[PDB]
Amino acid sequence: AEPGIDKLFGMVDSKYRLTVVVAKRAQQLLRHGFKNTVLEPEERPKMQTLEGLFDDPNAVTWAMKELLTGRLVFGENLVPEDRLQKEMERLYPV
Amino acid sequence: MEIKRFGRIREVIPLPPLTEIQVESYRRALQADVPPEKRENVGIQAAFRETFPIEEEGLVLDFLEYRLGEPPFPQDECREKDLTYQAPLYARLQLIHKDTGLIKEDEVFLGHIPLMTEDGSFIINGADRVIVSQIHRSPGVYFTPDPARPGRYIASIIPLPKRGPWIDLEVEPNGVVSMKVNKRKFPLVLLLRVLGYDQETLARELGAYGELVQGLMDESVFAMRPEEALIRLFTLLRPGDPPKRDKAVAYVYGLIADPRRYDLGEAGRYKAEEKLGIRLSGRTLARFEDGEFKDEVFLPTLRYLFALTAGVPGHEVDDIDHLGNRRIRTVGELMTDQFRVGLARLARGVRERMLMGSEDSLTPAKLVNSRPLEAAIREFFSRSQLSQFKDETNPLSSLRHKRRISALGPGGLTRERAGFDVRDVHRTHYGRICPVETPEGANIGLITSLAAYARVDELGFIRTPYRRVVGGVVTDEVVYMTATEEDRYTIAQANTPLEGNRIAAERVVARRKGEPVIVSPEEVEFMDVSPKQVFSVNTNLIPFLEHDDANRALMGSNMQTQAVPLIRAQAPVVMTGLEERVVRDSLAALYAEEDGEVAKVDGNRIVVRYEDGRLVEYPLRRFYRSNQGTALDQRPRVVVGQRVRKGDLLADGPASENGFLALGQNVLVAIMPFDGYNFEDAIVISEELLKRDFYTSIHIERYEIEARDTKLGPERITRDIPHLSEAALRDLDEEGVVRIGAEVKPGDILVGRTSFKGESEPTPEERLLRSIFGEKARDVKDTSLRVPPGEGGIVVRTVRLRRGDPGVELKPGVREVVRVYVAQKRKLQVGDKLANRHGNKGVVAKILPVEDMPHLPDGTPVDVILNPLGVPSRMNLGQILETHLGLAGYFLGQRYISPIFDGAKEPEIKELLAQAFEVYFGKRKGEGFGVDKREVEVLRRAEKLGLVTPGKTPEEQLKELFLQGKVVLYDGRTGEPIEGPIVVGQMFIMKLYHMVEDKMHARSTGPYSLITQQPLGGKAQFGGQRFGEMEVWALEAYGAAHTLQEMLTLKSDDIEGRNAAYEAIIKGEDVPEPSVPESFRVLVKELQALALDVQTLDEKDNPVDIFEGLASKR
Amino acid sequence: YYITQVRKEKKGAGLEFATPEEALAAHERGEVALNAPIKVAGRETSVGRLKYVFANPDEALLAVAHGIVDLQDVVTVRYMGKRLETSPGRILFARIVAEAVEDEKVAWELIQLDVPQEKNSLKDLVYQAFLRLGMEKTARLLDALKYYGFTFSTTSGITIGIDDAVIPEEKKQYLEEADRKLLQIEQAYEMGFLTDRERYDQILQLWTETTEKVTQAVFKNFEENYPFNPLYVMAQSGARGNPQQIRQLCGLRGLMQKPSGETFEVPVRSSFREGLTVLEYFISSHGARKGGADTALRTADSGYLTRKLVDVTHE
Amino acid sequence: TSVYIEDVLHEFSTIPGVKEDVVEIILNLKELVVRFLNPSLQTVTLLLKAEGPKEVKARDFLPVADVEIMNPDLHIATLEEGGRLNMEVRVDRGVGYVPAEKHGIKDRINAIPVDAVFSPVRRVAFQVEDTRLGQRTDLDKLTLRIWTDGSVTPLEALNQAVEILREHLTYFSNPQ
Amino acid sequence: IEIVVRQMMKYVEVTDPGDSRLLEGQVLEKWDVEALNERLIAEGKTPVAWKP
DNA sequence: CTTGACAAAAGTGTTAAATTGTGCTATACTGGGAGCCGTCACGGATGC
DNA sequence: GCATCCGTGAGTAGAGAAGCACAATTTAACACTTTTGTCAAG
Ligand SMILES: [Mg+2]
Ligand SMILES: [Mg+2]
């Protein structure tokens, strides 16, 4: 099972809202090259590679672990879509 | 290794030739060896005498005799050149000018008749084929009760299939009898008057039953003349046609009285006489002689129907599923029927050709066009449902295929019309059709197998042999007799005790019309020959069949066909006695024709010096690829100078060991769970099996390529393939073909071919690319043949056929064809399917090292670990008894023959186990070893489970466990014993044709469909997996909306989406939003082709263009 | 199930002593077995409960590793502050659940200790763990049960022999008794006391009762004489098999139906262990073919019904 | 590990004058037991040249220094009059079971890789009895039974097995 | 089962059109006629009479 | 970077063979041919 | 009311047999400039 899946299901009123939040956050992380993450450097997901221990490239894994921390705000009609995309690009250049 | 034989029943007669259903029937149809003047009126000889003579009405074309020439090519040549093994057919015909009185005779070439091989198969277009026998309702007269209304019966007259209309006689509620022809119901009184019957004749014959005759005495038409009554009937049958006497008589004669169009058949005529108690002169419902119609069958049919309705004791209804009412059409009859159809088409062409064009100067060669005859024959042997690709995985597979009985095919049945009655085991299948052998699924009860002792008679009815019993003594007189004749006698069981020939038991189990009864010896009239006659060949190869449930015995017999030949194949330790006969009758092995001495022995051929002195050389089939890809080779089993008797084995065939059928290996089996690797039918094997090459099979794959004529220039098969290095061309010879003996892997070139590129200007990016590098574009492109993914092996044969070669009939436009044979030696691996004869099947899920497998106290590890949980629900206890008998034979060094239902019982197995314990444990005592501490612990638990008697010595308790088939088994991982004794023995396990190597397939992107633009299907086409409706339902239930939309659009038929998705992924990007599927665009355009205006709208009902403006006219 | 089922002995069952030391003295001489039910003064106990009192599960399992006691022997173990009279295998099963969920107190409430673990009890444990702990902990518990279930089944000593299908001695008595009453029906039939259909119904009812009594005898024989019999253990635990299939292996095959649906008057009196006769095998072949034909046509009807249900409720 | 036969391209062929095909011959060669008398010897090539009619055995290989055939009576092929068998059999030294598809050793173009079972040990059984010493009667008597193909004596195999276990026990020395 | 049975009882038959454009015997969904009746009652017209 | 002029490449206008389309055969000839069959239940209409 | 014919539907995967004459249109072989493309010259 995914880590903290019970806690993930408990933070949303509909289980499909959790999937939407995770998937939308994952593409936000992919779009900005994981530079918009709310995870501390000791909290970043990692994978074991022969060369060494490196960052996890799976943004779905990152998105699920970010939601467990509680630093992400999700909901409907939070901010305008155009304003959200433009502002993230400015403060997280890519 | 001696063989111990069990059983008490003495079989008076041996098994009949197992392929005589194929071989004898086709010999009777061809009649190629009998001289023409002694040919009987059957087979294709009957076809000639039926269509001929052809009369113009004063030119007559008469048939005198026919002959079959020698085949143009041998069987091996036809297979290699993709030809049909056939014999030319010549008919000696004479043309008679009735006006002049002059006869001219010449022999015309009617075409080629395909020939049956010695084993009973055909080579059609270079491929081995088997004509499956067909079962259907026998022709004749039948009397079934009306289901809608009780107390009423209907008469059914059935001719040969496609040889006349089915006729129904029914007593209407009004009292008048009705005749239904071609879905047209009409009163039989009208037709009965046409055949010359008055009012007194009907009353004198049918007036002794009751009120039934009163409904057959309508005088409104009795006073009418037969001639106009014939015209009156002609109006009812086909209404509207102008009433003419000449046209009316032809239609009625052609319907019930024409032997050329109506044929009741030899079986149908015999059934009609037997049932109605009459004697038919021919095989038609009536005769047309002296310008008038005479009755043949209608009056006896109506007489029987009236008597049946009245309730006379001698009349009874007919069971249409009774095997006396069902007959078999063998290969000879099926070919003859299609030969007759082609001959009728040829006769019609002759008739239309002989009525115009140089009437005075005509010859039979000019009139006869044999193409319609050849077309019907070619169609039957190529595109018929009953003409099937020969199943030759192993010799037993081919033997079964020739004995298969199918209710489907042309003139038979379709699943929809096949209900629980044609699919069921009728009581008359006993001894004639195997009750258990049938394909589970949609074909259950529709495809069956002939019983081992059963044979099909001339009329097509299956007969089974019985021993005559008179005065209580069983004689050696064997009578082959049909189901309808079997119902007249009390037939005892083959297991009835006999003191010599006298029946010993006072109470005898017998059958009376299929019902089990207990009778006295003096009431017994016939006896079963053996228990083997009830079952087919495949079922007779299952030892301890009486201990297996029928559902699991079905699986075991079927999977024996799927077993692949092994390089070290072994005959089973426990046999039934038919292993030798299967090999002998399959013609896969080689035997000495008579007594002699072997002169030369080689892997390619054997030369034997017979007593008469003639030198006979037998070439050995070596590494031949079967239809299923299995390697079929014959290995010599004799030495130079060895004296051989008549029938002695010379060379073992595929899947045979010293003349005994060898479909698998004899391995040590432990019945115990193992760490979940036995979960749900999974099988654990030892690595020691791979070390000594058990379950290792040779498979050959064929790859073909053609060099074609093209409008841009001809394709060239050459080693000079542009834009490839020397490494890719390393294994190709100077001619462009891979060298023989080279190891090929996926992506390797088997043969190099260059095709001229289509004239098309390149994209500007490519043009700059070539401009930068200064490389001129060539005129040819790589179209070479490469190894498909997941395949490969060793190149063992290259076949190159070129245009103009003798016997090579290439298609037009093909200059040459190259065929490459690649052989791979397949070892047993994870995912390969193993099975035994008792229906226990499973895939190899784990291969363990030898030190990990459970082992005997003497250090012998087991080979296979089987889950005991597969036994109780499947109720197949024969594997357990085989394991117990195999354990005894493993230590006694002997094999066993236990016939089904009469063989080794537990007292006999346990006494063998007692002897096997004296070598199992007595050897240990001599070596100076007592009882293991670990064995003592197991015995302590064993007495707590009630498996051994308390108070006995450990040796005695170990013997008690051994008599139960259980031994103390040690765990190779820990060294500690298994806490309970484990059933360990030697069992025969087969390696099936379903292998994970040929079934694993994957695809990212590949070919797409032409119209729907969706991925193709199949591993051969590198296609995708079908995501059907139920799989779509699963994603809908999960709520996986985006996952579903990808499969619908991005991964199947969104042309823009799938191109963008692939490009996004290879750039490290996420796939874009999908678009409309191309299949929906196809649906809209197809709906528009149906004059339907289908338009997609938006929130405001405005039209939305999903075609990107490509279908909008300005 | 194998490690959670407790062994029952009969060497000294029902014998009474006066002091626990006297009961242990009898066990030393072999008069009474370790798990034979006895009474010390007025309480029903056994030698194992008194002889082996373990202070913790680790000590109890250490004795099992040293071979003093088996996992199925009933002993005294102090666990969760309670003096439990259970087997080390049942104590071992408790530790499996406790370590899988990483909570010793909750796992104690989730299991039924005093019963052998069968399909229903294990299903109840999984459902209860799901409610109290969620999917993630339930998945770990499922993997732990799978690991130990596979491990213990390998070393248990579970196999299938021909003698494992024990034929009860009551089958011969029932068959002879049925034969005697069968002659009574035939004698009454010849006397006119009953009609043809009455005779047919009487024979079927006679053999139906005889079939059911043999089924009871098969399982009663296993219950009292072979409690660890492989076929019995698989059926009781819910792993494989049902009482109908066990009877066909150890009792009698039973009545068979003709292709028309009518039942044959004579049943198949032999089981699969004894081996059917040629006629009995063919008689049983009608039902096997009919069942397979029913299965083939039912899948199409079931699949057609499912598509109708999907297409009416998809919205 | 590899065998080359003159005028033979692959293992799926037959040799004129030879009763057995190459697959059967390779199966016979897998039963050949070769003992290296030199511990430094790692690879040897055995040459066999025979002419029919004869039953060529393992003793018909040309003698090689520090190489001994432990089963000279092993049957390899049956030669018919007019048949010839010129083979080059390569024998390597290794451990475990290496299938021909893994090592793929071909000393020349037409050499046929052979699945290699390097283990000389044929069967091992160990036996435990109820021995007693003094007043204690729970003691163990261990008896090891070793069957080997003869290239390595059972005593040598036991000594190597003890050393392998002893070396593996030294792996528990330095914690990390 | 109740979800499927709910779909089996989704349609009704008009017995009396009242002041609507429907026809006697016309088959339509239960929700539609109830929604249609609400507008008819909201304006004083005769509601449609229907049977399940 | 302009000559410039120059040959190859390409376009183009005829003319031929080749391919393709069309008309026409005058004793008299005047209504076809193949199928034809072992399912079962269910609406729905169409009349009685 | 009822009886009858027609229409509908009946699991999923994978593997698998006229010439001939003549005109009319098209193709292909030529020639022809005419045109780009190119290597000397400044
Ligand atoms: Mg104590
Ligand atoms: Mg070796």
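Below, chains carry the letters A, B, ... as their sequence lines are ordered, and counting in each starts from 1.
With a negative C1'-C2'-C3'-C4' torsion, the sugar ring of G/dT27 falls in the south range. From the dihedral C1'-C2'-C3'-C4', which is negative here, one reads the pucker of F/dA45 as south, toward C2'-endo. Sugar pucker of G/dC30: north, since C1'-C2'-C3'-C4' comes out positive. Judged by the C1'-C2'-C3'-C4' torsion, the sugar of G/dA31 sits on the north side, since the angle is positive. The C1'-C2'-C3'-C4' torsion of G/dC32 is positive, so its sugar falls on the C3'-endo, or north, side.
Straight-line distance from the CZ atom of B/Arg149 to the P atom of G/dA3: 13 Å, rounded to whole Å. For the pair B/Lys244 NZ and F/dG31 P, the computed distance is 7 Å after rounding to whole Å. When the P atom of G/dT4 is taken as reference, atom NZ of B/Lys185 falls 11 Å away, rounded to whole Å. If you measure from atom CG of C/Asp301 to atom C1' of G/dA10, you get 7 Å, rounded to the nearest angstrom. One atom, CE of B/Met1000, and another, P of G/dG14, lie 17 Å apart when rounded to the nearest Å. In this structure, the CG atom of B/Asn627 is 18 Å from the P atom of G/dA15, given to the nearest Å. Rounded to an integer number of Å, the gap from B/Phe389 CZ to G/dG16 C1' is 11 Å. Distance B/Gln562 CD to G/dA15 P: 15 Å, rounded to the nearest Å.
Here the side chain of B/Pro242 is nearest to one of G/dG14, F/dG31, G/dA15, namely F/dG31.
Without both centres closer than 5.5 angstrom and planes tilted by less than 30 degrees, the six-membered rings of F/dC37 and F/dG38 do not count as a stacked pair. Legend: stacked base step between F/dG32 and F/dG33; six-membered ring centres less than 5.5 Å apart, planes less than 30° apart. Stacking fails between G/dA10 and G/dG11 under the rule that six-membered ring centres lie under 5.5 Å apart and planes differ by under 30°.
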Per-nucleotide pairing state of DNA chain F [Watson-Crick or G-U, under 3.5 Å; [ ] pseudoknot-crossing; | other strand]: ||||||||||...||.|||||||||.............||||||||.|

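The structure places CG of B/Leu230 at 6.5 Å from CZ of B/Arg245, a figure rounded to the nearest 0.5 Å. B/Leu59 contributes atom CG, which lies 12.5 Å from atom CZ of B/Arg351 (distance to the nearest 0.5 angstrom).
Judged as a side chain to side chain donor-acceptor pair (under 3.5 Å), and not counting sequence neighbours, B/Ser771 has no contacts. Take C/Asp301 and apply the side chain to side chain donor-acceptor pair (under 3.5 Å) test, not counting sequence neighbours, and it matches no residue. Not counting sequence neighbours, the partners of B/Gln1021 by the side-chain contact (heavy atoms from CB on, under 4.5 Å) test are B/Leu1016. B/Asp681 pairs by the side chain to side chain donor-acceptor pair (under 3.5 Å) definition with B/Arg874, not counting sequence neighbours. Every residue two or more places apart in sequence or in another chain was checked for a side-chain contact (heavy atoms from CB on, under 4.5 Å) with B/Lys162, and none qualifies. Partners of E/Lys10 by side chain to side chain donor-acceptor pair (under 3.5 Å), not counting sequence neighbours, listed by chain and number: C/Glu315.
Annotation: F/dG32 and G/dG9 have their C1' atoms spaced 36 Å apart (nearest Å). Rounded to a whole angstrom, the distance from the P atom of F/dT14 to that of G/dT33 is 13 Å. Separating the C1' atom of G/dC30 from that of F/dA17 is a span of 12 Å, rounded to the nearest Å. With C1' as the reference atom, G/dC20 and F/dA28 are 24 Å apart, rounded to whole Å. Taking atom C1' in both F/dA10 and G/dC32, one finds a spacing of 12 Å when rounded to whole Å. Taking atom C1' on both nucleotides, F/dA34 is separated from G/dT8 by 28 Å, rounded to a whole Å. With P as the reference atom, F/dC29 and G/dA18 are 22 Å apart, rounded to whole Å. G/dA31 and F/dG13 are spaced 9 Å apart, taking the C1' atom of each and rounding to whole Å.
Residue pairs meeting the salt bridge (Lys or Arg N to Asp or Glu O under 4.0 Å) criterion with at least one member in residues 253-263 of chain B, sequence neighbours excluded, are B/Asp263-B/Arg283. Listed by first and then second residue, the salt bridge (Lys or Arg N to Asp or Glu O under 4.0 Å) pairs that reach into residues 318-329 of chain B are B/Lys275-B/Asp318, B/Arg327-B/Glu333, B/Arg329-B/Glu333, B/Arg329-B/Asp337, sequence neighbours excluded. Annotation: salt bridge (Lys or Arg N to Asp or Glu O under 4.0 Å) contacts involving residues 137-147 of chain B, sequence neighbours excluded, are absent.
Under a 3.5 Å cut-off, the side chain of B/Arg129 and the backbone N or O of B/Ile124 do not form any donor-acceptor pair. For B/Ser397 (side chain) and B/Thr561 (main-chain N/O), a donor-acceptor pair under 3.5 Å exists by modelled atom type.
Place B/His1001 and B/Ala442 on DNA chain G by their nearest nucleotides, and B/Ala442 ends up nearer the 5' end. In this structure, B/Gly441 and B/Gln1021 both approach DNA chain G, and ranking their closest nucleotides by distance from the 5' end singles out B/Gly441.
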Contact string for nucleotides 33-42 of chain F, one letter per nucleotide 5' to 3', B = base within protein heavy-atom range under 4.0 Å, S = sugar-phosphate only, - = neither, reads BBBBBBB---

When you check every protein heavy atom under 4.0 Å of nucleotides 43-48 of chain F, what one-letter string (B, S, -) results, 5' to 3'? ------

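A 6.0 Å sphere centred on CG of C/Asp311 holds more than 12 heavy atoms belonging to other residues, nucleotides or ligands.
Residue contacts shown for B/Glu1031 are absent, as no nucleic acid heavy atom lies under 4.0 Å away. Looking at heavy-atom distances under 4.0 Å, C/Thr299 makes contact with a base.
The shortest distance between the side-chain N/O atoms of B/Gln1025 and the OP1/OP2 oxygens of G/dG14 is below 4.0 Å.
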